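I have placed the structure first, in the form of structure tokens, so that the comments after it can refer back to it.
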Amino acid sequence: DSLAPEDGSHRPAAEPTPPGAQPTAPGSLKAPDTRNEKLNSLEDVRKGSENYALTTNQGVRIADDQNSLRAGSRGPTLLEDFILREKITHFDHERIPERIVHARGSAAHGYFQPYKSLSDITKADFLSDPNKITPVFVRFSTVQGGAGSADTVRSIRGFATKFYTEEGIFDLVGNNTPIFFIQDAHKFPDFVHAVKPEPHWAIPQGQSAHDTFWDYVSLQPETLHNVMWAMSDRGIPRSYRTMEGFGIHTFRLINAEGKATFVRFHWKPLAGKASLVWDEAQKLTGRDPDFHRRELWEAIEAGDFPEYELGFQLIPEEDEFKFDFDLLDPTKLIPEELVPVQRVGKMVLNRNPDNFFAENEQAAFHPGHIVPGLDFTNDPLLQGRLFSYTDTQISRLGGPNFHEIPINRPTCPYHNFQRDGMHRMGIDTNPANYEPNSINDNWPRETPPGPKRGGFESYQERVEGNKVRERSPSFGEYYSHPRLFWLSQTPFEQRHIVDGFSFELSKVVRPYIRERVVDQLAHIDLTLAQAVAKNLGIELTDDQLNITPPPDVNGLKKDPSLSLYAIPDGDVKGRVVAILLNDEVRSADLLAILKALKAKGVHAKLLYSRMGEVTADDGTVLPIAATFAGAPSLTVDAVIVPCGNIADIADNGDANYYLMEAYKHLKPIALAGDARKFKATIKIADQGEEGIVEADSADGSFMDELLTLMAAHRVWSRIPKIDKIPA
Amino acid sequence: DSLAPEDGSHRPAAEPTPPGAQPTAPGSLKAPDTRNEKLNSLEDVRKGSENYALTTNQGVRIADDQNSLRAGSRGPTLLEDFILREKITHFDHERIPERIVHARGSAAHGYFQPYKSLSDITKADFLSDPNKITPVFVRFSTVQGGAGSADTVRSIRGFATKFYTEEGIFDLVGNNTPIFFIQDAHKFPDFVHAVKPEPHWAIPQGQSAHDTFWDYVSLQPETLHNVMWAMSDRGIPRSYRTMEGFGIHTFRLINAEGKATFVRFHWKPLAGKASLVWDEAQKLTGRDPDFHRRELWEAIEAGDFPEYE
Amino acid sequence: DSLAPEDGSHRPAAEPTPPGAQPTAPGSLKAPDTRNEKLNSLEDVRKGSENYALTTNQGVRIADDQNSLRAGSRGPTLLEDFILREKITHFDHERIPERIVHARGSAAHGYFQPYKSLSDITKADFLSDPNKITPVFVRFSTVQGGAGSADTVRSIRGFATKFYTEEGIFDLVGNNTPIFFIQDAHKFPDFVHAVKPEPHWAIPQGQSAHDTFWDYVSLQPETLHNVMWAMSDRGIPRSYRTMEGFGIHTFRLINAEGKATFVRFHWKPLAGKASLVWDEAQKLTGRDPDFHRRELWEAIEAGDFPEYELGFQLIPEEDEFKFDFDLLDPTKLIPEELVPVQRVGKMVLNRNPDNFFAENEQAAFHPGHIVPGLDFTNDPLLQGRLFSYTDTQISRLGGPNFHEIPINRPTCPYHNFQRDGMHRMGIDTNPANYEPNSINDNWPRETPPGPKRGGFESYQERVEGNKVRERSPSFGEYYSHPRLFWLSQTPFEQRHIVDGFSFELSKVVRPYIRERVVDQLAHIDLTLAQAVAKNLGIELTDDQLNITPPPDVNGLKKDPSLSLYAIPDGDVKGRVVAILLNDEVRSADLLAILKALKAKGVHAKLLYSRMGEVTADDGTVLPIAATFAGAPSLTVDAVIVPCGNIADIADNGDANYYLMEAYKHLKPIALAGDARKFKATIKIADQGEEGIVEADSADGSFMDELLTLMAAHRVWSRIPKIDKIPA
Amino acid sequence: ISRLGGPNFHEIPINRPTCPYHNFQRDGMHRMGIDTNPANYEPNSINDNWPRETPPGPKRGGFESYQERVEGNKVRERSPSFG
Ligand code: HEM
Ligand code: HEM
Ligand code: HEM
């Protein structure tokens, strides 16, 4: 053979490259020198290919991999074809059950390091020294949809981190919003069945916009806080890099003296917080159902590593009852104004997996996987989680040895008396499989709890009460946090929330369900309630207009850390700009353009009405990455149109649509020279409009303007003007 | 309890209604008078719900389905809470492996009847008498995507029919195009791996528009015929009702005298043939990823029964 | 804790030691220096224990492995105890389905080496050079019984060898008899269901002595050949080391020139052929259900490595139709008098596993696993087998990745485009998962067939005929092979066969089934049929008495290779003798006895009426291995009673019974000095009798006489004398 | 769950209750029972919340655990009275 092109263009370069410059590849092939302890210990199961013969799984070389064995060349296939049968059998058994929830997700390897030793508050070894590096494997996800569902759905997002520490795996299994929808794990199946596809016909996929979700929510007001977050732009993240992460539950840090400190875990995006707008997210589910998964992969291949800061909200044991909400109540957030997040470390995601199925599909995270230094609390949602993840993994990964699947193995020692189980890899030589034993001198042996390298001992919390199936009365308050969240949003964030509720409830077929939801909103905030009501053609009653608003939270009437955008934190590095080409581009605009983007780490995609290449005024040959229809404005953060021969694209319906879409979706648009004729398509005044960069040519002032707009992410002052754009 | 609205607008009318008029429902509640032999024999396993107490799977009545058992109302959950563990355990084990191919599909019950006896060419009992009616169960599907992928992708479509005949189940497992991509079964795993999401990153979902697929096609010219079909509007049917169906392979019919006749199986849409245009199909994967499943369900609920010859 | 004895006696020495001398142990601790390529490649999954901390599977050290977490020391167990839950969860899921047939088996590691290149007849790499060593893993088994059934039942034995060749795994899956019960694989479920426990009550375990088996046999005369073998002493082998092994089916050897030669595979036991007698075997199923497993393991711990010679019956393509029987009929043997077994190589089993579950229980052998140089034939039983092993392994071993379980992995390279599946360990880096591809330059690639290291290509056998479900008329002959077998047996063997059928038919409750089997025996041989009928109180009719005997097989009226004992082949090394002590043994006798046994590699077990020690006449302290009742005569090959204070045990019922049982089961007995007072117990004349060694002391020829008797295995001449005797 | 292949082991004939069993558990490997309830969750309004919880009582009542008093710290400890 030799099917590869002689020029070597089938293989991507093993160096950082921008999105779309090269074919993506397995991490170890794309960045062979990006290493960490976990990645290196996976080297025993990694399998190459180049220069090897094709074989059965028993090692027998195959001569003809194109044909079954038959009696005559037009005869019947023969039972003795063991090569065909092994190949089809393995193929026939490829699939395993997807995750019950969070089936759709994207993962990467990276590392964690603390900013300082935290031994005063925890004896956790991975937190003990700023020079201790811990390998991580992180999986981001949606909740409801199948493994084949779309990424940019409206949804809570999962954010799970497996820390491979020297004293055990610690999995921090969180989401992108600080609370959950429900209080007690006993209701998880009910909730999840309500949000998932309805059982008669299994519709709708990956959406909460259906009758059973809003029915459950209308009947269970504890859900309203997380529903608020889901209806906000938090439920449609621009990227997994630009969203927050939260453990949700209050846990415990145990120091070496044995002091317990209540803690809530936080991941702060160093790229900043950024979300899509609903019409763009929903259209993206059809043009690129893999958008987030692709963006993650290509940000890492480009060297735009996703980086997050680990943060702790720390509350002393004596302050347990100092708030006006229960700290164990998972539908309640701890406002950063009351208890600040202490920046404790940084996590960097810097290498993709080699095989999606082996590493991401088979990875198993569990909140119950803790290490000495950490402990649980009585949070009734967390308590029930401790049982489920272990149970579900027995069938999802076929047995009790899922910790022997390479991605799941600890990198530290593990020795015990557990044996057998389906697909047992470990061959134990211990003469004993029980303890106490004398035949192996009682090894492996228990270890007393201690300051370092000690055995696990639970914090000795005092437990007093009767065995009861009862919700704590302290958990019975459902509207103050939703109200606090609502008042902390900017006006346009508020409007997005209203629009999220209105669009979802418009899809509820049974009108009484929408009315019961609006009634719940009336208990939160009347302006929110009226605005949703008005979109549903509902009139609030007399009684609903007089509902007394819930109390503030510990004196707070808002908290800007709950907004995505109130406090400017945007970052342009890794964002992408679409450049609309023409057949004779002013090459001086392109150079100014590309030089400037490249200095801010912003990528570009050269678009035209056909593939191939175009030639600039000076004769520069410009390669086209995609067409206008093929890489729609939904996929980029901004649109730039350089001068040249605009008449080539001024009547291109796709070109005009590109700008109208980008305009509708509040993205920065820049028009150089004769590209200013596109102003009429998006009806921009002669004097201009904030959000639209326009100049005689593409100099440095023009690129600074555009890049300033990109750092502000979207042009929120344009909201009022997009009503009147048919797009 | 008093949860359903007093006006009864929670329950859909048990009668044929047009799309959007009533909330959709399980078939035996939506159309209780529709029957066939297969639907009747499923009766011993159907489970109701109205007026029954809530219980564990062992039949123990539950008093509080809102809470876990704990030591104090703010205490730790107890291991003895067998009601919680049974409920969460069953939830934990709800999934099964999706199909290797054609994981995304929509199905419906129906019946088949031959126009006339075919005993001169086949001794198949289900084709032996115009009065003999055979219950069927049919599943329509895409090929590449997972169970959670979108319906109106560009794809070949499966059309599988299970015939519950009096001499055995006959499954007629076809597609909506008259040929397949490949010639020998030994290459199936090669072709399917090439069409499926590439192995390093698992992109793209439900689409053939990516390098490995065209790579495979370009090296295996036998695939061009079905590729042509897939690139045409045949790849984006308007509805499972407006697409043809084919068994593709030449099979044999065997009569009572032992005479063999080569046969190729066909399904003709009595609603006629119709497809979307690409832009509309791709945008609909975004706006309504369940559009064909929904359209099939609603046509049946409306009485626009999908019909095929 | 530090529970071992300070003397270090909890630990067996890492050196060859006789059976019973030390506690047995995992192979790699008992013989660390016994290595081979496969044994070395498993080192990546072997797990130690000593000096390691006890942990969870996630690597978290455990402090208290004696207690659950509860709310108070007498309170309820908490759901948050994740250590308890992982520990119980793994335990709860330890079991996997047992093999459908051959569930009971015992296995060991070893190696194979050919005597000379066989390149002229086969291009199989493991047979091409006498210096080429192939690691093997072998499992011996019963057929019907569960994994927990007894070793010494009457039954065919499995003898499966996994050859880890440089060109792939080759599994040689045979039995201990040269034919099988049935001709076509479609009846395997019927035959197996008939021999297995009857469905209503699941009785009887591990035995063919019941109605459904004999019902099936009486309606399917194709089974008689293998039923004869099973009813003979072949069905109750003394040890897996003293039985023959056969591939049964005719396969093909393909040389580099493309020439096909027909072959039947044989294994010759270098320890010789030896079986138990029925009463002893049956009693041994109760006293020690693990006798074969134990003997195999202790033989290897003592250095008595089981050794077998691989032999080939070779038949040219031109002689396919030259026999009276069809070569492709698995119910027919190839008489060694017609086609000699050509010695090919030697297999030595020299190391036990470390963990029975991991290596033995999960080992997957498959007769379809062949390598270039071998090929199948149309034998219809073989043809269906090729489908079954692959299939059954998907459920028994949890998925299509069972080749990744350590014991099953090829030691040679394996690369292909198969992906995923449950429990996937291999992380593929190939950009391509399909071929032909250009993106990896088509790797891994197909390899043409050739003399060495080429791809597999099936032999181009001509196929011709119609698609039919039809038994070949050449297979319709059922009685001449059974007759040949019968006539080749010694007279005491024939009697044992008659006793086997008689006993088994006596457990058949429906008398007509017994009558029908008798009618079938009457088509084989009249003497056999009459003797069995007499034992059942059945009279043959005049017609049955006139059935004409089936023809000879190609002129043969007998073939001594078919007998276990017609041709002496006794080997004493590794046998074991019971020494019945008294409380003042003449140490002079003991010294003579022990030295002589040791000189021949014959083991001894010192027995007494209690455990502890006894002191010889000269003050030698003698350690007792077991009591008379605890290590019964069933477990030794011979019995020696030295002089001393015989009055100590003269009236010991167990001591007397011990001799009665050993005498009844035809074992050599030696009585020294006053030990001759035991002659009355077994009714021995004053003058003596062949099979009883007696002298004034254990000097001179006393040990040589006893060892000559051991070399002939049992005292067949004593049969008539045991008839009576109440034991 | 592994011995009997999934969570629907209560549907294997010998294991089935002879009394009524109704709840909102669904799916799982080898699911026999075909549920017609429009709802697979509670509380629900679309099936008027059936099947419903039943208060504890003298006969045919819902299960309620005996309210035993629990007092102690979280410990992995054998009671001294067991020694
Ligand atoms: C604070 C509330 C919760 C959060 C933040 C959370 C988060 C997550 C995340 C991030 C995943 C995906 C992990 C991965 O990427 O593999 C997941 C999966 C899962 N969750 Fe939770 N979850 C919560 C509540 C619950 C509850 C209450 C239960 C059941 C009592 C539960 C049961 C599961 C199960 C069974 C899975 C699938 C695990 C697997 O198959 O490996 N979750 N959850
Ligand atoms: C003439 C070409 C083919 C046609 C028309 C076809 C059609 C189909 C259809 C319609 C389904 C979905 C059945 C359902 O709705 O559940 C299906 C599934 C499947 N196909 Fe085929 N297919 C073809 C070729 C193949 C080949 C060559 C193989 C393997 C050699 C194969 C293996 C499978 C498997 C394993 C499934 C999943 C079945 C299950 O999990 O129940 N298909 N195919
Ligand atoms: C010449 C006739 C046969 C011989 C010599 C033979 C020999 C054996 C042996 C020695 C084993 C046990 C392997 C081990 O130790 O793991 C075995 C297992 C087995 N046999 Fe065969 N057998 C024969 C006929 C058949 C037939 C006709 C079938 C079905 C078509 C069959 C199906 C099986 C299966 C399913 C297993 C269990 C394997 C596993 O779970 O890995 N055998 N046989």
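Here is how names work: the chains are called A, B, and so on, in the same order as the sequence lines, proteins then strands, and each is numbered from 1.
Checking A/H481 against A/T331 by side-chain atom types alone, no donor-acceptor pair falls below 3.5 Å. Side-chain polar atoms of A/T250 and A/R264 form a donor-acceptor pair below 3.5 angstrom. Side-chain contact check for D/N44 and D/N47: no donor-acceptor pair (N or O, by modelled atom type) lies under 3.5 Å. Side-chain contact check for A/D391 and B/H93: at least one donor-acceptor pair (N or O, by modelled atom type) lies under 3.5 Å. Side-chain contact, A/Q144 with A/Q207: no donor N or O sits under 3.5 Å from an acceptor N or O. For the residue pair D/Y41 and A/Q220, no side-chain donor N or O sits within less than 3.5 Å of a side-chain acceptor on the partner. Checking B/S49 against D/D35 by side-chain atom types alone, no donor-acceptor pair falls below 3.5 Å.
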Could you walk me through whether A/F265 and A/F312 pass side-chain contact (heavy atoms from CB on, under 4.5 Å), step by step?
-> CA-CA 5 Å; A/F265 301 121; A/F312 296 169; 3.5 Å; yes
Given the rule in the side-chain contact (heavy atoms from CB on, under 4.5 Å) test, do A/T142 and A/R157 qualify, once you have shown the distances and angles that lead to the verdict?
-> CA-CA 5 Å; A/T142 63; A/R157 299 302 201 284; 3.5 Å; yes
Please report the C-alpha distance between A/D379 and A/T377 in whole Å, then the side-chain angles of each, then the deciding distance to 0.1 Å, and finally whether the side-chain hydrogen bond (donor to acceptor under 3.5 Å, both in side chains) criterion is met.
-> CA-CA 6 Å; A/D379 166 327; A/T377 65; 5.5 Å; no
Derivation and outcome, side-chain hydrogen bond (donor to acceptor under 3.5 Å, both in side chains), residues A/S502 and A/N535 = CA-CA 6 Å; A/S502 300; A/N535 299 324; 2.9 Å; yes
Residues A/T177, A/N226; criterion side-chain hydrogen bond (donor to acceptor under 3.5 Å, both in side chains); working and verdict | CA-CA 7 Å; A/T177 67; A/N226 217 201; 2.6 Å; yes
Residues D/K74, C/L69; criterion side-chain contact (heavy atoms from CB on, under 4.5 Å); working and verdict = CA-CA 6 Å; D/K74 297 185 181 183; C/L69 186 67; 4.2 Å; yes
Take A/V227 and A/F501 through the test side-chain contact (heavy atoms from CB on, under 4.5 Å) and record every step on the way to the result.
-> CA-CA 9 Å; A/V227 165; A/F501 278 104; 3.6 Å; yes
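The two residues A/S488 and A/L562 come nearest to each other via the heavy atoms OG-CD1, 3.6 Å. In plain terms, the two heavy atoms of D/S45 and A/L219 that are nearest each other are N-CD1, 3.9 Å. Closest of all the heavy-atom pairs between A/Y512 and B/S9 is CD2-OG, 3.7 Å. What you find for A/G311 and A/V341 is that their closest heavy atoms are CA-CG1, 3.4 Å. Closest non-hydrogen pair, A/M231 versus A/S208, comes out as CE-OG, 4.2 Å. Closest approach of B/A53 and B/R61 over heavy atoms only: CB-NE, 3.4 Å.
Here the side chains of D/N37 and D/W50 are not in contact, with every heavy-atom distance at 4.5 Å or above. No side-chain heavy atom of A/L333 sits under 4.5 Å from any side-chain heavy atom of A/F485. When side chains are defined from C-beta on, A/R234 counts as touching A/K273, because their heavy atoms get closer than 4.5 Å. Using a 4.5 Å heavy-atom threshold, the side chains of B/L54 and D/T54 count as separate. No side-chain heavy atom of A/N176 sits less than 4.5 Å from a side-chain heavy atom of A/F159. No side-chain heavy atom of A/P551 sits under 4.5 Å from any side-chain heavy atom of A/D324. Annotation: side chain of D/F63 is not in contact with side chain of B/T56 (no heavy-atom distance under 4.5 Å). You'll find the side chain of A/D375 reaches within 4.5 Å of the side chain of A/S458, heavy atoms only.
One N or O on the side chain of D/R52 and one on the backbone of B/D1 form a donor-acceptor pair closer than 3.5 Å. Formation of a donor-acceptor pair under 3.5 Å by the A/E477 side chain with backbone atoms of A/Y479 is found in this model. Formation of a donor-acceptor pair under 3.5 Å by the A/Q530 side chain with backbone atoms of A/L540 is not found in this model. Listed for the A/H210 side chain is no donor-acceptor partner under 3.5 Å among the backbone atoms of A/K507. Side chain of A/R154 to main chain of A/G235: no donor-acceptor pair is present (N/O by atom type, distance under 3.5 Å, no hydrogens or angles). Not one N or O on the side chain of A/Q544 forms a donor-acceptor pair closer than 3.5 Å with the backbone of A/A522. Between the side chain of C/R85 and the backbone N or O of A/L386, at least one donor-acceptor pair lies under 3.5 Å. In this structure a side-chain-to-backbone donor-acceptor pair under 3.5 Å is present from A/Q393 to A/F365. At least one donor-acceptor pair under 3.5 Å links the side chain of A/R104 to the backbone N or O of A/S149. Within the 3.5 Å criterion, the main-chain N or O of A/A194 finds a donor-acceptor partner in the side chain of A/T212.
Here the CG-OG distance, from A/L224 to A/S480, works out to 11.5 Å after rounding to the nearest 0.5 Å. Once rounded to the nearest 0.5 Å, the distance linking CD1 of A/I100 with CZ of B/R95 reads 3.5 Å. Rounding to the nearest 0.5 Å places CZ of A/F213 at 6.5 Å from OG1 of A/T223. Put simply, CG on A/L253 and OH on A/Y459 are 12.0 Å apart, with the number rounded to the nearest 0.5 Å.
Using cut-offs of 30° and 60° for the angle between ring planes, the A/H496 and A/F492 rings count as perpendicular. Aromatic ring pairs are classed by plane angle as parallel below 30°, tilted from 30° to 60° and perpendicular above 60°; the pair A/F251 and A/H249 is perpendicular.
Residues in residues 183-206 of chain A take part in these salt bridge (charged side-chain N to carboxylate O under 4.0 Å, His left out) pairs, two or more places apart or across chains: A/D184-B/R70, A/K187-A/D190, A/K187-D/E42, A/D190-B/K87. Residue pairs meeting the salt bridge (charged side-chain N to carboxylate O under 4.0 Å, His left out) criterion with at least one member in residues 213-230 of chain A, sequence neighbours excluded, are A/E222-A/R471. Contacts classified as salt bridge (charged side-chain N to carboxylate O under 4.0 Å, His left out) and involving residues 538-566 of chain A (residues at least two apart or in different chains) are not found.
Residue-environment remark: CD (B/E6) stays at or below the threshold of 12 foreign heavy atoms within 6.0 Å.
Here A/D326 does not pair with A/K332 in a salt bridge; the nearest charged N to carboxylate O distance is not below 4.0 Å.
Contacts of B/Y52 classified as side chain to side chain donor-acceptor pair (under 3.5 Å), with partners at least two apart in sequence or in another chain: none. With sequence neighbours excluded, the residues satisfying salt bridge (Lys or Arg N to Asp or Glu O under 4.0 Å) with C/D81 are D/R76. Contacts of A/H225 classified as side chain to side chain donor-acceptor pair (under 3.5 Å), with partners at least two apart in sequence or in another chain: A/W229.
A/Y216 pairs with exactly one of A/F181, A/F191, A/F188 by the ring-ring contact (aromatic ring centres under 6.0 Å, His included) rule, that one being A/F191.
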